[PDB]
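# Overview (structure and organization)
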Amino acid sequence: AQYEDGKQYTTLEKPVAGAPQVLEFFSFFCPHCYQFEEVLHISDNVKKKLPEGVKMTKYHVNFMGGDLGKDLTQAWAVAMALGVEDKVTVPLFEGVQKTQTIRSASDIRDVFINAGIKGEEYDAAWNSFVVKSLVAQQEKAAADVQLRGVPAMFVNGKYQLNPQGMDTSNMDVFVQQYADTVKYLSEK
């Protein structure tokens, strides 16, 4: 075929019932995720081609950056609960990887404060049970899909994107192929 198992995607030996339709995993410590987010805009470009009635879910993962890694997963939960993903994603990536000014939970908080979220509102979200289960959700989803590496994308708990199996000398073309694959798997 043109899209073959093992080529642009793999198939899960152990499918995951009831999974989010399009599910993406990343980490602010993950250099390819950095590339994926502000150089390639993968998340974006996928949406632009998904049929609609399709929702997209992005979760953070724990297994990079130890203690900070976990702090970041809670912070991403706060971001989701507050609906401020698009105001913190870039400063968080650049704070961890570019300037390296994120070294503690408090520094993560500064990014939110600077992005305009209020202290009391941040601290309350942080400490809230809704954010605890939203952490639990992120972990569960990662747990369900054998996850050892990021970036990672899964479609309908059955298919996993395989970006290594796509051309990379043109970035624009890599993205389009990636998004079209997601759209194919979607209709499967």
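Summarised in this report is the structure supplied together with it. (Residues numbered from 1 in each chain as written, not as in the entry; some residues may be left out. Heavy atoms only, no water.)

## A word on the overall build of the protein
So the rule is basically this: Elements are defined by DSSP. Helices are runs of H or I of four residues or more, strands are runs of E of two residues or more, and each kind is numbered from the N terminus. Our radius of gyration is a C-alpha quantity, and the globule rule it is checked against amounts to 2.2 Å times the number of residues to the power 0.38. Only protein chains enter the accessibility calculation, which uses a 1.4 Å probe; a residue is then buried when its area is under 20% of its type maximum, exposed when over 50%, and partly exposed in between. For this analysis, residues touch if any pair of their heavy atoms sits within 4.5 Å. Under this rule, positive means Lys or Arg and negative means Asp or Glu; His and the chain ends count for nothing. Where a charge lies is defined by one atom per residue type: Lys uses NZ, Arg uses CZ, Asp uses CG and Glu uses CD.
A tally of regular secondary structure across the protein gives eight helices and five strands. Ordered by position from N to C terminus, the α and β elements of the protein give β-β-α-α-β-α-α-α-α-α-β-β-α. Since a compact globule built from 188 residues should have a radius of gyration of about 16 Å, the 17 Å found for the protein is in line with a globular shape. Taken along its principal axes, the extent of the C-alpha atoms in the protein is 55 × 35 × 30 Å. Here the protein, with 188 residues, has 43% of them falling under the buried criterion. Considering only contacts in the protein between residues 6 or more positions apart, those separated by 24 or more positions represent 75%. Averaged over its 19 positive side-chain charges, the protein has a centre that lies 3 Å from the centre of its 24 negative ones.

## Some details on the state of the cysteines
Selection criterion: The disulfide criterion is simple: two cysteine sulfur atoms within 2.5 Å.
Scanning the model with the defined rule gives one disulfide in all. A sulfur-sulfur distance of 2.0 Å marks the disulfide that ties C30 to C33. With the S-S dihedral at roughly 75°, the linkage between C30 and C33 falls on the right-handed side. Like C33, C30 is buried.

## Thoughts on the nonpolar core
Which entries qualify depends on this criterion: Side-chain atoms within 4.5 Å are what join buried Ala, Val, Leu, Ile, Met, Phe, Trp, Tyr and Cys residues into a set we call a nonpolar core.
In this structure, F25, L92, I108 and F112 are the most contacted members of the largest nonpolar core, which totals 42 residues. Of all the elements in the fold, those that place two or more residues in this core are β2 (22–26), α1 (31–39), α3 (66–82), α4 (85–98), α5 (105–114), α6 (119–127), α7 (129–144) and β4 (152–155). Among the elements that make up this core, the one with the highest residue count is α3 (eight residues). Counting 18 residues, the second largest nonpolar core, distinct from the first, contains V22, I42, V46 and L185.

## Focus on the packing of α3 against α6
Put simply, the rule is: All axes here are fitted lines through C-alpha atoms, helices being fitted over the stretch that makes contact, and every angle between N-to-C directions spans 0 to 180 degrees. Oblique is the label for any angle not under 35 degrees, not over 145, and not in the 65 to 115 range, which are roughly parallel, roughly antiparallel and roughly perpendicular in turn. Helix crossings are classified by the rotation of the near helix relative to the far one: an anticlockwise turn of less than a right angle makes the crossing left-handed, while a clockwise turn makes it right-handed. In the scheme used here, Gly and all other residues not listed as nonpolar or charged are polar, with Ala, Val, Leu, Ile, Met, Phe, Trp, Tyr, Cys and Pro taken as nonpolar and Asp, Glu, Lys and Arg as charged.
Running from N to C, α3 and α6 cross one another at 115°; their axes reach a closest spacing of 9 Å. The orientation of α3 with respect to α6, classified from their angle, is roughly perpendicular. Crossing hand, α3 versus α6: right-handed. On α6, the residues that touch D71, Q74, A75, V78 and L82 of α3 are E121, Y122, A125 and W126. Class assignment of the residues belonging to the contact of α3 with α6 gives a composition of six nonpolar, one polar and two charged.

All we've got here are geometric facts, nothing functional implied.
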